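Number of protein chains: 2
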Amino acid sequence: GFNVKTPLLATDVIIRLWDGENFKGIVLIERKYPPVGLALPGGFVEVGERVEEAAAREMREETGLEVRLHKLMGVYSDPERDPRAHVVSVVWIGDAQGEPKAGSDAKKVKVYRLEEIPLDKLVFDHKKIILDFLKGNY
Amino acid sequence: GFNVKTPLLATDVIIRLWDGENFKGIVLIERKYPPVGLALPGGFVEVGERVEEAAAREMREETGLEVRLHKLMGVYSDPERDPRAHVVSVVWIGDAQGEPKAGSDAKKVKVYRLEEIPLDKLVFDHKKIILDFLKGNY
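Top line first, the protein sequences correspond to chains B and W.
When we follow this note's numbering, the leftmost residue of the first sequence carries the number 1, and every step to the right adds one.
When we follow this note's numbering, the leftmost residue of the second sequence carries the number 139, and every step to the right adds one.
Here it is, written out as structure tokens:
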């Protein structure tokens, strides 16, 4: 077959949650598996699946939300960002209405005001990603 | 050994070539190996390597240019974009000065004015990518 190996591909989303025209903040997850801690919702892209499809799918599974992707925010690939293996993440910014419901790799799902995100409890490199988001560094 | 399979990760660059304040167009590659045709310079991302580093390495290797990445332009993941395997590409827009030159006769370098690119000769989904660039769809 094709004998080429590359980092694993995953996708995460910065979900801006809304209750009508009222901004509530973003949705973060309490990881249920190995890298335990607070983080953005996201998952691995399946072979044969478009990155945007994996993001929507991954959001349904973990947050129960129907997320409309708004913008490609960035691609994070520092070798040591994911303890499980070398994982490169395509990060999106999206929007959603409704009530979050945990599931899958997520043992807990919750909304955080952008001014109330406990940056130091974030796992992976999500603190850097979120800081980039808050600063408009994209 | 982390039994997770995802698409392969690659990165390509749209190189705006300059001769001083004079814009010359884009740097493309004429592939001799399948897919045979015109293509953006780029390659697979290696495990343990950052995407920006893979792009920089591929540019020096394929065009012999010292390219300064300028903008994350997009991520392309259509399942059929690459015939070899499901490959997802992180596309950047960069700039370079100087004269390019192939690192192998299998990859001849050519500079094209944006108005004279033979879109019909582009392989992979690079026609889609180049048009997105020209239309500013990013």
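No residue lacks a Cβ here, since even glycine has one placed at the ideal position from N, Cα and C.
Check whether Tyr76 of chain B and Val88 of chain B have beta carbons under 8 angstroms apart | Residue numbering aside, residue 76 of chain B sits at position 76 when the first sequence is read from its first letter. Residue numbering aside, residue 88 of chain B sits at position 88 when the first sequence is read from its first letter. Their beta carbons are under 8 angstroms apart, which means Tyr76 of chain B touches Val88 of chain B by this criterion.
Hey, out of B:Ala96, B:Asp105, B:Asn3, whose CA is closest to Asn22 of chain B's CA?
-> Taking the first residue of the first sequence as position 1, residue 22 of chain B is located at position 22. From the listed residues B:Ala96, B:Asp105, B:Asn3, the smallest Cα separation to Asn22 of chain B is found for B:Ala96.
Rounded to whole angstroms, what's the CA-CA distance from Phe124 of chain B to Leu28 of chain B? Just pull it up for me.
-> By 1-based counting over the first sequence, the position of residue 124 of chain B is 124. By 1-based counting over the first sequence, the position of residue 28 of chain B is 28. About 13 angstroms.
Closest Cα partner of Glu49 of chain B within the set W:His224, W:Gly274, W:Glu196, W:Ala148 = Walking along the first sequence from the start, residue 49 of chain B turns up at place 49. Looking at the Cα atoms, W:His224 is the closest of the given residues.
What does DSSP give as the partner residues of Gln97 of chain B in its beta bridges?
-> Looking up residue 97 of chain B in the first sequence gives position 97. In the DSSP assignment, the residues bridged to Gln97 of chain B are B:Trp18.
For the beta strand (DSSP E) that contains residue 86 of chain W, what are its first and last residues?
-> Outside the displayed span of chain W (139 to 276) sits residue 86 of chain W, for which this structure offers no information.
Of all the residues that make up the segment 54-82 of chain B, which are near chain W by a beta-carbon distance shorter than 7 angstroms?
-> Only those residues of the segment 54-82 of chain B whose C-beta falls short of 7 angstroms from the nearest C-beta of chain W are listed: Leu72, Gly74, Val75, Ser77, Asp78, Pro79.
What does a CB cutoff of less than 8 angstroms around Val151 of chain W pick up in its chain, not counting 5 residues either side in sequence?
-> Counted from its first residue, the second sequence places residue 151 of chain W at position 13. Same-chain partners within the cutoff: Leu178, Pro179, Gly180, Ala193, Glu196, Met197, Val205, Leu207, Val229, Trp230, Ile231, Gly232.
Just how far apart, CA to CA, sit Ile129 of chain B and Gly1 of chain B?
-> Position 129 of the first sequence, counted from the start, is the residue given in the question as residue 129 of chain B. Position 1 of the first sequence, counted from the start, is the residue given in the question as residue 1 of chain B. If you take the alpha carbons of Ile129 of chain B and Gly1 of chain B, they lie about 36 angstroms apart.
Proximal chain A residues relative to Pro35 of chain B, where beta-carbon distance stays under 8 angstroms | Absent from the structure is chain A; the protein chains it does hold are B and W.
So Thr6 of chain B and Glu191 of chain W are in contact, right, with Cβ under 8 angstroms, and what is the actual spacing, rounded?
-> The residue given as residue 6 of chain B occupies position 6 in the first sequence. The residue given as residue 191 of chain W occupies position 53 in the second sequence. The distance from the Cβ of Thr6 of chain B to that of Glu191 of chain W is about 13 angstroms, inconsistent with a contact at the 8 angstroms cut-off.
Tell me, which residues are paired with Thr11 of chain B by DSSP?
-> Taking the first sequence and counting its residues from 1, the one referred to as residue 11 of chain B is at position 11. Assignment of beta-bridge partners to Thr11 of chain B by DSSP yields B:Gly43, B:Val90.
With distances taken from CA atoms, which of W:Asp157, W:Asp220, W:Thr201, W:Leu147 is nearest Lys265 of chain W?
-> By 1-based counting over the second sequence, the position of residue 265 of chain W is 127. Answer by Cα proximity: W:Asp220.
Using a threshold of 8 angstroms, state whether the C-beta atoms of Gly25 of chain B and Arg113 of chain B are closer than that.
-> As a first step, residue 25 of chain B is located in the first sequence; it is residue number 25 there, counting from the start. As a first step, residue 113 of chain B is located in the first sequence; it is residue number 113 there, counting from the start. Yes, the Cβ-Cβ distance between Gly25 of chain B and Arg113 of chain B is below 8 angstroms.
Let me know the secondary structure DSSP gives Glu115 of chain B once reduced to three states.
-> Here residue 115 of chain B is taken as the residue at index 115 of the first sequence, counted from 1. Residue state, collapsed to three classes: coil.
Find the nearest neighbour of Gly136 of chain B within the set B:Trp18, B:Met73, B:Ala106, B:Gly103, judged by alpha-carbon distance.
-> Mapped onto the first sequence, residue 136 of chain B falls at position 136. Taking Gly136 of chain B as reference, the option from B:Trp18, B:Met73, B:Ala106, B:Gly103 with the minimal CA-CA separation is B:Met73.
What are the boundary residues of the alpha helix (DSSP H) that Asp270 of chain W is part of?
-> Here residue 270 of chain W corresponds to residue number 132 of the second sequence, with the count starting at 1. Where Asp270 of chain W is concerned, the enclosing alpha helix (DSSP H) stretches over 264-272.
Rounded distance between the beta-carbons of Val109 of chain B and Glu62 of chain B, thought under 8 angstroms | Taking the first sequence and counting its residues from 1, one reaches residue 62 of chain B at position 62. Taking the first sequence and counting its residues from 1, one reaches residue 109 of chain B at position 109. Contact between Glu62 of chain B and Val109 of chain B holds, since their C-beta atoms are separated by about 7 angstroms, short of 8 angstroms.
Identify whether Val36 of chain B lies in helix, strand or coil by the three-state DSSP scheme.
-> For the purposes of this step, residue 36 of chain B is identified with residue 36 of the first sequence, where counting begins at 1. Three-state result, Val36 of chain B: coil.
Identify the contact partners of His86 of chain B in chain W, using a Cβ-Cβ distance below 7 angstroms as the criterion.
-> If you number the first sequence from 1, residue 86 of chain B lands on position 86. Going along chain W in sequence order, the residues near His86 of chain B (Cβ under 7 angstroms) are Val185, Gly186.
Could you confirm whether any beta carbon from chain W is found closer than 8 angstroms to the beta carbon of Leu9 of chain B?
-> Here residue 9 of chain B refers to the residue found at position 9 when the first sequence is read from its first residue. For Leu9 of chain B, the answer is yes, since a Cβ of chain W falls inside 8 angstroms of its Cβ.
Cα-Cα, which of W:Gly236, W:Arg169, W:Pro256 is closest to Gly158 of chain W?
-> Walking along the second sequence from the start, residue 158 of chain W turns up at place 20. Nearest option by C-alpha distance: W:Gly236.
Cβ shell of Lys101 of chain B (< 6 angstroms), same chain only, five flanking positions each side left out | If you number the first sequence from 1, residue 101 of chain B lands on position 101. Excluding residues within five positions, the ones whose Cβ falls inside 6 angstroms are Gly64.
Between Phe182 of chain W and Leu155 of chain W, is the Cβ-Cβ spacing less than 8 angstroms?
-> Indexing the second sequence from 1 puts residue 182 of chain W at position 44. Indexing the second sequence from 1 puts residue 155 of chain W at position 17. No.
Euclidean distance between Cα positions of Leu134 of chain B and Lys209 of chain W = By one-based count along the first sequence, residue 134 of chain B stands at place 134. By one-based count along the second sequence, residue 209 of chain W stands at place 71. Cα to Cα, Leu134 of chain B sits roughly 19 angstroms from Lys209 of chain W.
Report the rounded CA-to-CA distance for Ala148 of chain W versus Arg169 of chain W, giving the unit in angstroms.
-> Mapped onto the second sequence, residue 148 of chain W falls at position 10. Mapped onto the second sequence, residue 169 of chain W falls at position 31. Going by the C-alpha atoms only, they are around 17 angstroms apart.
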